[PDB]
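The numbers in my numbering rise by one with no breaks, and the one at position 128 of the sequence shown is 128.
Working notes, structure below.
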Amino acid sequence: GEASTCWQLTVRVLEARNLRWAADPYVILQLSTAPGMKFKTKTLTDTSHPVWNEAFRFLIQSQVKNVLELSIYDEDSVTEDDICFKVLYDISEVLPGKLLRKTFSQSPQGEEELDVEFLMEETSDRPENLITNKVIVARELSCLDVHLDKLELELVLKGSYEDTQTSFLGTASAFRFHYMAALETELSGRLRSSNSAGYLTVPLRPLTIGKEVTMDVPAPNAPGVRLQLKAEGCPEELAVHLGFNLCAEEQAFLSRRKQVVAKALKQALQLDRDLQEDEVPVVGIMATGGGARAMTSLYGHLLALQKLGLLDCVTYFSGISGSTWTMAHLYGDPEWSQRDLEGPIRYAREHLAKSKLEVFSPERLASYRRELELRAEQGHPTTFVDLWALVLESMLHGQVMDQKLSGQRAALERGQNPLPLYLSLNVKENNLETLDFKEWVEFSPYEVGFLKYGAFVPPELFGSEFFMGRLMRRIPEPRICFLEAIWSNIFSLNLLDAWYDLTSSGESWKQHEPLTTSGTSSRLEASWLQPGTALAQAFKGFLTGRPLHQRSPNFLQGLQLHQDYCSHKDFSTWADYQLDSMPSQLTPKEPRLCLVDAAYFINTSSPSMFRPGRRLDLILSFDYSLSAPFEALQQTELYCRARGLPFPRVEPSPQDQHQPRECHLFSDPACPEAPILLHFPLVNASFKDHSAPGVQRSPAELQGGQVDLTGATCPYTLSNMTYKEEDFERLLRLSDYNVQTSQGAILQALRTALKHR
């Protein structure tokens, strides 16, 4: 909540020189913080050195980043006009009272020039009512309602979210426009039919008070139609949460969870006394990706922690890609960590064992089609992610699984499970420049949002349409398989490569394990994925046109960047330098997101462990890579170091790399702020010999420790979705064993974590 006064900017477009020949030039002015308000000079004819001398006026909010775009176009009545000049200008340079004369130049030797003058002046308006977290700004919003007592009515309000609304008489009763209170704009109204009637305009002055007008819109060959409109302040309450600390629900959860942790810690460490709230260490589990391999192994890791009584000591549980499948299934049961994990294990084993060719029955394929047809009619886009959602759902459960992310709040109501954190990356879609622009989007049962912008919504509202932090249109929360599809949409790319011989136009390639018996990649080889299947036959053609990634409505839409967003600790932490220094090119102005599996970039769920407020003391890092078990940890360390996030050195010895063990400690006692890391690579070491911690195995039971992690015919390759129960059990029991045998190291780390707190 903040009051801030606006200035008036006069932009005088004088002249340009040395423009390229066809020119018939005109200048366009756009302001990044006034979308839909374009100014246009007159078009001059056959000059190459145009002199316009036209002035235009904007209301400017000093507390937001304001980028003025000045573009010169060459007018052509036949083809779309070519741009001959473009500059982006941060108007914070222009100081009030002092006329600033500017000559803009294109290139270092570029000969084209544009002369402009800027004057910033004070106004007598009241201050604007802004809401910020000091990086994102919600501008003051006004709301205007139009009510009405064949003909088509057209209502236009330049600068509003809706912009233009049309309707036949009778067919539309009422209209709402949302627009910034700081705009000088107007509502224009007119009636059209198949002589044209005159239009009426009602001016909308900046920061005005509510008002009420009645006017009669003239019809063609018929009498006037009476409309009533009232402009009012929009209520100053946002559906989007703006702030860089934990939300109320997560804070409340922590108090609940820390009681369960304090108790479980006392029992596990055989502690003398009861732990004070401030002494309870914050422990996190952090899982990487790796399809069904990650899913299976993570089940085993959780079983171990349960048996050791250490699962109750865990506060946070983060994951990406295949790990989210384990998480999603478990958090469907509100009591999962308090119940024998062997039940969910069995469920997963049986579904992973069934034939994935016969799962694609005609009934099932028809159901996919029917569902996608309905979704399309409902106005959802159709992408690879949508099909992958339904197929993945079928493989994991064999039926529609009507559970939602918001329903996972029940699993946290008594602090009886850890808080689950699911990660994805927001990317720019179909833009060959900006390939490595990437923003972490965190999902939990309490909120979904951007770590960089400090902006979140409840999961039930993710996918709904927003403007300036307000909910514009509520879309029903999807089934969890649709989120699982986003989280693991590396499989959308694998489906695309396996199905389509892309020697083609689509340059959405993105294009990111033990080789086969043929010496080829194991990536695109599993039964379900092959080009001749019932699945492919039904859907290969259907999917041809379509994007790889979901086109999710952006809940940040219309929000603006604060004037000093760059010099904010948390934005700076997450900022991709070059693109992030360009505020007009940031995510808030996009109507849509493009959400991608973290496995496209970096195979870690660690960013959620470093959101401000979480304060992790110990992290159990589970890594499911089949090669390079330290790669993910090392990249995350570099990633953290570049952003000034305290994290221990990850310096395994040559011996460690040659033969990794079940558990590696990475910890820097010199820096207490940095968390302790216990890292569990996917390796079959002592388990080859031992059926249990410190227990050798009967020769009969030698087969149980023969886990095929390395040769060709490795059944745990990324795309394989069919595990023989034999192979499932080995991976699961290996994972279980590797954690159990490390009990000592975990308890030691817990003790150290305790001392530090």
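Cβ coordinates follow ideal geometry from the N, Cα and C atoms, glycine included.
Asked: Cβ-Cβ distance between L561 and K65 below 7 Å; Found: yes
Asked: Which residues DSSP lists as bridging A455, in chain order; Found: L242 and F450
Asked: Secondary structure, alpha helix (DSSP H): runs of 4+ residues fully inside the segment 600-652; Found: 631-642
Asked: The segment 499-513 contacting the segment 320-340, beta-carbon criterion three pairs below 8 Å; Found: no
Asked: Limits of the unbroken alpha helix (DSSP H) element including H562; Found: Run containing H562: none; DSSP gives neither H nor E here.
Asked: heavy atom of the ligand ATP below 6 Å from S627 C-beta; Found: For the structure depicted, the ligand ATP is absent and the ligand set is empty, with no information on it obtainable.
Asked: Cβ-Cβ distance between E113 and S105 below 7 Å; Found: yes
Asked: For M120, three-class secondary structure by DSSP; Found: strand
Asked: Beta-bridge partners of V225, as assigned by DSSP; Found: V217
Asked: Supposed close pair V240, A455 - CB separation, criterion 8 Å; Found: 6 Å
Asked: Between the CA atoms of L31 and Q585 - distance to the nearest angstrom; Found: 12 Å
Asked: Length-filtered (3 minimum) beta strand (DSSP E) runs lying within the segment 118-153; Found: 128-132, 136-138 and 141-148
Asked: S255 in three-state terms, based on DSSP; Found: helix
Asked: Identity of the residue in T132, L9, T33 and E162 nearest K589 by Cα; Found: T33
Asked: Between the CA atoms of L99 and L29 - distance to the nearest angstrom; Found: 19 Å
Asked: Helix, strand or coil at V282 [DSSP, three-state]; Found: coil
Asked: Residue from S444, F437, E111 and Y716 whose Cα sits closest to the Cα of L579; Found: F437
Asked: Nearest-angstrom Cα separation, counted from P281 out to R757; Found: 6 Å
Asked: Whole-angstrom C-beta distance between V283 and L618, which should lie under 8 Å; Found: 5 Å
Asked: Spatially closest choice to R546 from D689, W388, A745 and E477, by CA coordinates; Found: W388
Asked: Whole-angstrom distance between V146 and residue 760, CA atom to CA atom; Found: The first residue shown for the chain is 1 and the last is 757, placing residue 760 beyond what the model contains.
Asked: For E662 and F687, the rounded distance between their alpha carbons; Found: 9 Å
Asked: CB contact check: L579 to chain B, cutoff 7 Å; Found: The displayed structure is made up of one protein chain only, and chain B is not part of it.
Asked: Sub-7 Å separation of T324 and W487 beta-carbons; Found: yes
Asked: Reduced DSSP category for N489 - H, G, I as helix; E, B as strand; rest coil; Found: coil
Asked: C-alpha distance - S77 paired with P50, whole-angstrom precision; Found: 19 Å
Asked: Sequence-distant residues of its chain with Cβ nearer than 7 Å to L593 (five each side left out); Found: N426, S552 and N554
Asked: Element boundaries [beta strand (DSSP E), containing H568]; Found: No beta strand (DSSP E) contains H568, which DSSP labels as neither H nor E.
Asked: Supposed contact pair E237 and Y446 - C-beta distance, whole angstroms, cut 8 Å; Found: With 8 Å as the limit, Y446 and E237 do not qualify as a contact, their Cβ atoms being about 19 Å apart.
Asked: Alpha carbon of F175 to alpha carbon of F317, nearest angstrom; Found: 45 Å
Asked: Opposing strand residues paired with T722 [DSSP bridges]; Found: Partner(s): none; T722 has no beta bridge.
Asked: Reduced DSSP category for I209 - H, G, I as helix; E, B as strand; rest coil; Found: coil
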